[PDB]
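The chain that follows stands alone, in the form deposited in one PDB entry, written as C-alpha coordinates.
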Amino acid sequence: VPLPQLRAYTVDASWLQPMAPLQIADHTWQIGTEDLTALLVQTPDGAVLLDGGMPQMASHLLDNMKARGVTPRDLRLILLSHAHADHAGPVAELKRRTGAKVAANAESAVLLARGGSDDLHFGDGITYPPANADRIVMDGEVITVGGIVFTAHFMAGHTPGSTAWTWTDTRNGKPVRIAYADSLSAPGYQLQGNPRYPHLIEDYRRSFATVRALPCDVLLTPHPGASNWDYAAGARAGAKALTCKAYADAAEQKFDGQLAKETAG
(Lines give C-alpha, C1' and ligand atoms only; values in the text may rest on other atoms or scores of the structure.)
Protein backbone atom coordinates (compact mmCIF):
# COMPACT_ATOMS: atom_id res chain seq x y z
CA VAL A 1 0.00 0.00 0.00
CA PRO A 2 1.74 3.15 -1.21
CA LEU A 3 1.29 6.60 0.22
CA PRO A 4 -1.54 8.54 -1.42
CA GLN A 5 -0.94 10.55 -4.54
CA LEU A 6 -1.00 14.30 -4.18
CA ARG A 7 -4.53 15.59 -4.77
CA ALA A 8 -4.94 18.57 -7.05
CA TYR A 9 -7.00 21.53 -5.89
CA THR A 10 -10.01 21.01 -8.15
CA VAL A 11 -13.00 23.35 -8.18
CA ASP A 12 -16.43 23.72 -9.75
CA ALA A 13 -16.25 24.40 -13.48
CA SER A 14 -17.99 27.78 -13.16
CA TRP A 15 -15.02 28.90 -11.08
CA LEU A 16 -12.83 28.26 -14.14
CA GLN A 17 -15.24 29.46 -16.83
CA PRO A 18 -13.76 32.49 -18.62
CA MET A 19 -15.93 35.54 -19.15
CA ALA A 20 -15.45 38.75 -21.10
CA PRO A 21 -15.00 41.91 -19.02
CA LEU A 22 -18.17 42.98 -17.20
CA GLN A 23 -18.41 46.67 -16.31
CA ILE A 24 -19.17 47.37 -12.65
CA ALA A 25 -18.65 51.12 -12.69
CA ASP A 26 -17.12 53.68 -15.02
CA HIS A 27 -13.57 52.48 -14.36
CA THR A 28 -14.10 49.14 -12.55
CA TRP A 29 -14.50 45.81 -14.35
CA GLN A 30 -14.92 42.15 -13.43
CA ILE A 31 -12.35 40.32 -15.59
CA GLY A 32 -12.11 36.95 -13.90
CA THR A 33 -14.36 33.93 -14.37
CA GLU A 34 -18.06 33.41 -13.89
CA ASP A 35 -17.63 32.36 -10.26
CA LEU A 36 -14.35 34.04 -9.18
CA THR A 37 -13.91 37.80 -8.86
CA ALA A 38 -10.89 39.60 -10.28
CA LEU A 39 -11.44 43.37 -10.41
CA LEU A 40 -9.59 45.68 -12.79
CA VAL A 41 -9.67 49.39 -11.95
CA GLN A 42 -8.34 51.55 -14.79
CA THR A 43 -6.88 54.97 -14.05
CA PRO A 44 -4.95 57.43 -16.24
CA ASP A 45 -1.95 56.48 -14.08
CA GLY A 46 -2.12 52.71 -14.58
CA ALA A 47 -4.32 49.78 -13.68
CA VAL A 48 -5.00 48.08 -10.36
CA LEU A 49 -6.02 44.43 -10.10
CA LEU A 50 -7.85 43.23 -6.99
CA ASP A 51 -7.50 39.44 -6.85
CA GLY A 52 -6.65 37.11 -9.69
CA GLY A 53 -8.61 33.96 -8.89
CA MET A 54 -7.06 30.53 -9.50
CA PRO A 55 -3.45 29.85 -10.53
CA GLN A 56 -4.39 28.89 -14.07
CA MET A 57 -6.18 32.23 -14.73
CA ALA A 58 -3.12 34.39 -15.47
CA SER A 59 -3.29 34.27 -19.27
CA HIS A 60 -7.04 34.85 -19.27
CA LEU A 61 -6.62 37.87 -17.01
CA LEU A 62 -3.93 39.25 -19.30
CA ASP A 63 -6.21 38.70 -22.32
CA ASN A 64 -9.04 40.59 -20.62
CA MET A 65 -6.65 43.37 -19.63
CA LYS A 66 -5.51 43.71 -23.25
CA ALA A 67 -9.15 43.80 -24.38
CA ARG A 68 -9.59 46.71 -21.95
CA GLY A 69 -6.53 48.57 -23.30
CA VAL A 70 -4.27 47.60 -20.37
CA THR A 71 -0.93 46.19 -21.49
CA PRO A 72 1.37 44.28 -19.13
CA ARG A 73 3.43 47.39 -18.36
CA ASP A 74 0.27 49.33 -17.51
CA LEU A 75 -0.65 47.03 -14.60
CA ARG A 76 0.87 48.83 -11.61
CA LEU A 77 -0.61 47.29 -8.47
CA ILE A 78 -2.14 44.04 -7.26
CA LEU A 79 -4.29 44.09 -4.09
CA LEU A 80 -5.73 41.00 -2.43
CA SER A 81 -8.82 40.03 -0.43
CA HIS A 82 -6.97 37.07 1.09
CA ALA A 83 -4.06 34.84 0.12
CA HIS A 84 -5.77 31.57 -0.71
CA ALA A 85 -5.17 29.69 -3.96
CA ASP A 86 -8.57 30.54 -5.46
CA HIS A 87 -8.00 34.32 -5.06
CA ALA A 88 -4.22 34.90 -5.13
CA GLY A 89 -3.43 31.89 -7.30
CA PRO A 90 -1.84 33.63 -10.30
CA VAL A 91 -0.11 36.52 -8.50
CA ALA A 92 3.45 35.16 -8.82
CA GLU A 93 3.03 34.67 -12.57
CA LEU A 94 1.36 38.04 -12.99
CA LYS A 95 4.33 39.71 -11.29
CA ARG A 96 6.73 37.95 -13.66
CA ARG A 97 4.70 38.91 -16.76
CA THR A 98 3.71 42.50 -15.91
CA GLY A 99 4.97 45.61 -14.20
CA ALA A 100 2.74 44.96 -11.21
CA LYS A 101 3.76 45.28 -7.57
CA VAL A 102 1.82 43.68 -4.72
CA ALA A 103 0.62 45.59 -1.65
CA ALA A 104 -0.72 43.54 1.26
CA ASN A 105 -0.83 43.44 5.03
CA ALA A 106 1.76 41.45 6.95
CA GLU A 107 -0.45 38.40 7.50
CA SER A 108 -1.39 38.19 3.83
CA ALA A 109 2.22 38.77 2.80
CA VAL A 110 3.47 35.92 5.00
CA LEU A 111 0.85 33.50 3.63
CA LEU A 112 1.47 34.60 0.02
CA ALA A 113 5.21 34.13 0.44
CA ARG A 114 4.65 30.53 1.50
CA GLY A 115 2.24 29.91 -1.39
CA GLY A 116 -0.61 29.14 0.99
CA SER A 117 1.27 26.28 2.65
CA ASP A 118 1.07 25.71 6.41
CA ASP A 119 -2.44 27.19 6.36
CA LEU A 120 -4.00 27.53 9.81
CA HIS A 121 -6.91 25.29 8.75
CA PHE A 122 -6.00 23.63 5.41
CA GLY A 123 -2.38 22.65 6.16
CA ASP A 124 -0.65 22.05 2.83
CA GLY A 125 -3.82 20.88 1.09
CA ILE A 126 -4.36 24.05 -0.93
CA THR A 127 -1.11 25.64 -2.19
CA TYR A 128 -0.10 27.86 -5.12
CA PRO A 129 3.10 29.52 -6.46
CA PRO A 130 4.58 31.80 -3.78
CA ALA A 131 4.93 35.53 -4.33
CA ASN A 132 6.54 38.39 -2.43
CA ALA A 133 4.79 41.57 -1.43
CA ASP A 134 6.44 44.85 -2.46
CA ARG A 135 4.64 47.05 0.06
CA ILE A 136 3.15 46.22 3.49
CA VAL A 137 -0.03 48.07 4.46
CA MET A 138 -1.51 48.82 7.88
CA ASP A 139 -5.18 48.87 8.82
CA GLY A 140 -6.87 51.94 7.37
CA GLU A 141 -3.91 52.83 5.17
CA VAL A 142 -4.71 54.27 1.76
CA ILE A 143 -3.08 53.67 -1.59
CA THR A 144 -3.80 56.19 -4.31
CA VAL A 145 -3.48 55.36 -8.01
CA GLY A 146 -4.51 58.03 -10.50
CA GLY A 147 -6.71 59.73 -7.95
CA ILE A 148 -8.54 56.51 -7.08
CA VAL A 149 -8.02 56.08 -3.34
CA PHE A 150 -8.05 52.51 -2.07
CA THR A 151 -8.54 52.06 1.68
CA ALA A 152 -7.65 48.82 3.45
CA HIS A 153 -10.06 47.64 6.16
CA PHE A 154 -8.73 44.61 8.03
CA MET A 155 -11.40 41.95 8.63
CA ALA A 156 -9.48 39.00 10.06
CA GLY A 157 -11.20 35.64 10.33
CA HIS A 158 -11.40 33.72 7.07
CA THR A 159 -7.63 34.27 7.06
CA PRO A 160 -5.69 36.39 9.56
CA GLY A 161 -4.89 38.85 6.77
CA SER A 162 -8.40 39.10 5.29
CA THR A 163 -8.99 42.62 4.01
CA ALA A 164 -11.87 44.64 2.61
CA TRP A 165 -10.81 47.20 -0.01
CA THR A 166 -12.96 50.30 -0.57
CA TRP A 167 -12.77 53.00 -3.22
CA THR A 168 -15.07 55.50 -4.93
CA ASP A 169 -15.69 55.27 -8.69
CA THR A 170 -18.45 56.88 -10.78
CA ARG A 171 -21.48 55.47 -12.56
CA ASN A 172 -23.54 57.76 -14.79
CA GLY A 173 -21.39 60.58 -13.43
CA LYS A 174 -22.48 60.02 -9.84
CA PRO A 175 -20.10 58.78 -7.14
CA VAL A 176 -20.36 55.09 -6.24
CA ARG A 177 -18.69 53.87 -3.05
CA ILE A 178 -17.50 50.35 -3.91
CA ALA A 179 -16.77 47.82 -1.17
CA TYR A 180 -14.82 44.67 -2.10
CA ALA A 181 -15.39 42.78 1.15
CA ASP A 182 -13.51 39.56 1.79
CA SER A 183 -15.03 36.19 2.53
CA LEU A 184 -16.63 35.71 5.93
CA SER A 185 -16.90 31.92 5.63
CA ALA A 186 -15.17 29.41 7.90
CA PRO A 187 -15.21 26.30 5.68
CA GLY A 188 -14.50 23.28 7.83
CA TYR A 189 -12.74 25.40 10.41
CA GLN A 190 -12.45 24.50 14.08
CA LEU A 191 -13.83 27.70 15.58
CA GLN A 192 -13.65 27.19 19.37
CA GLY A 193 -10.37 26.64 21.20
CA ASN A 194 -8.30 26.48 18.03
CA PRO A 195 -4.64 26.48 19.15
CA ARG A 196 -3.45 27.97 15.85
CA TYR A 197 -6.04 30.80 16.09
CA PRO A 198 -7.07 31.36 19.72
CA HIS A 199 -9.09 34.56 19.14
CA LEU A 200 -10.78 33.36 15.98
CA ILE A 201 -14.32 33.94 17.24
CA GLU A 202 -13.56 37.44 18.53
CA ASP A 203 -11.93 38.34 15.21
CA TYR A 204 -14.88 37.10 13.17
CA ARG A 205 -17.30 39.07 15.37
CA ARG A 206 -15.27 42.25 14.96
CA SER A 207 -15.09 41.59 11.21
CA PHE A 208 -18.87 41.29 10.91
CA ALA A 209 -19.15 44.76 12.48
CA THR A 210 -16.42 46.12 10.21
CA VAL A 211 -18.19 44.88 7.06
CA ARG A 212 -21.56 46.18 8.28
CA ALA A 213 -20.12 49.69 8.58
CA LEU A 214 -18.12 49.93 5.33
CA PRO A 215 -18.90 52.71 2.84
CA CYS A 216 -20.94 50.55 0.55
CA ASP A 217 -23.12 51.73 -2.28
CA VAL A 218 -22.09 48.55 -4.12
CA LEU A 219 -20.76 45.41 -2.45
CA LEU A 220 -18.59 42.87 -4.32
CA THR A 221 -17.12 39.66 -2.90
CA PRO A 222 -14.39 37.21 -4.00
CA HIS A 223 -17.07 34.56 -4.56
CA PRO A 224 -19.79 36.62 -6.28
CA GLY A 225 -22.47 34.31 -4.92
CA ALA A 226 -21.70 35.49 -1.39
CA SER A 227 -23.00 38.97 -2.24
CA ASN A 228 -25.72 37.70 -4.64
CA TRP A 229 -23.90 38.74 -7.81
CA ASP A 230 -24.45 36.70 -10.99
CA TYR A 231 -21.63 37.57 -13.37
CA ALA A 232 -23.35 35.64 -16.15
CA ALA A 233 -26.58 37.69 -15.92
CA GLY A 234 -25.36 40.56 -18.08
CA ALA A 235 -27.13 43.87 -17.50
CA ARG A 236 -28.71 42.40 -14.35
CA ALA A 237 -25.56 40.81 -12.91
CA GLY A 238 -25.59 43.15 -9.91
CA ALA A 239 -29.34 43.66 -9.61
CA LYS A 240 -29.81 41.29 -6.66
CA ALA A 241 -26.58 42.22 -4.90
CA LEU A 242 -26.71 42.38 -1.13
CA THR A 243 -25.86 45.44 0.89
CA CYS A 244 -22.81 45.20 3.13
CA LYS A 245 -25.20 45.13 6.11
CA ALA A 246 -27.10 42.16 4.69
CA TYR A 247 -23.90 40.33 3.79
CA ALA A 248 -22.50 40.72 7.30
CA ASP A 249 -25.79 39.70 8.89
CA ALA A 250 -26.06 36.59 6.71
CA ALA A 251 -22.45 35.67 7.47
CA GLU A 252 -22.99 36.11 11.21
CA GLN A 253 -26.15 33.98 11.22
CA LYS A 254 -24.31 31.23 9.33
CA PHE A 255 -21.34 31.53 11.71
CA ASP A 256 -23.57 31.32 14.79
CA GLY A 257 -25.12 28.19 13.32
CA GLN A 258 -21.72 26.65 12.71
CA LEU A 259 -20.68 27.43 16.28
CA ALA A 260 -23.75 25.62 17.61
CA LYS A 261 -23.12 22.64 15.32
CA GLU A 262 -19.49 22.47 16.42
CA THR A 263 -20.54 22.42 20.08
CA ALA A 264 -22.88 19.54 19.26
CA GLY A 265 -20.24 17.69 17.24
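Only residues modelled in both forms are compared. Here the rigid core means the biggest group of C-alpha atoms that line up within 1.5 Å when the two forms are laid on top of each other. All residue numbers are counted from 1 along the displayed sequence.
Keep in mind the form deposited in another entry is missing from the figure; the text below concerns it.
Asks: Core-aligned, is the CA shift for residue 20 between the shown form and the other one 2 angstroms or more?
Replies: For residue 20, whose C-alpha is compared between the shown form and the other one after core superposition, the shift is less than 2 Å.
Asks: Establish whether a shift of 2 Å or more occurs at the C-alpha of residue 255 between the shown form and the other one, with the two forms superposed on the rigid core.
Replies: It does not, since the residue 255 C-alpha is displaced less than 2 Å between the shown form and the other one after the core fit.
Asks: Does superposing the core leave residue 246 with a CA shift of 2 Å or more between the shown form and the other one?
Replies: It does not, since the residue 246 C-alpha is displaced less than 2 Å between the shown form and the other one after the core fit.
Asks: With the rigid core superposed, can you list, in sequence order, the 3+ residue stretches whose C-alpha atoms all shift 2 Å or more between the shown form and the other one?
Replies: Segment displaced between the shown form and the other one after core fit: 1-15 only.
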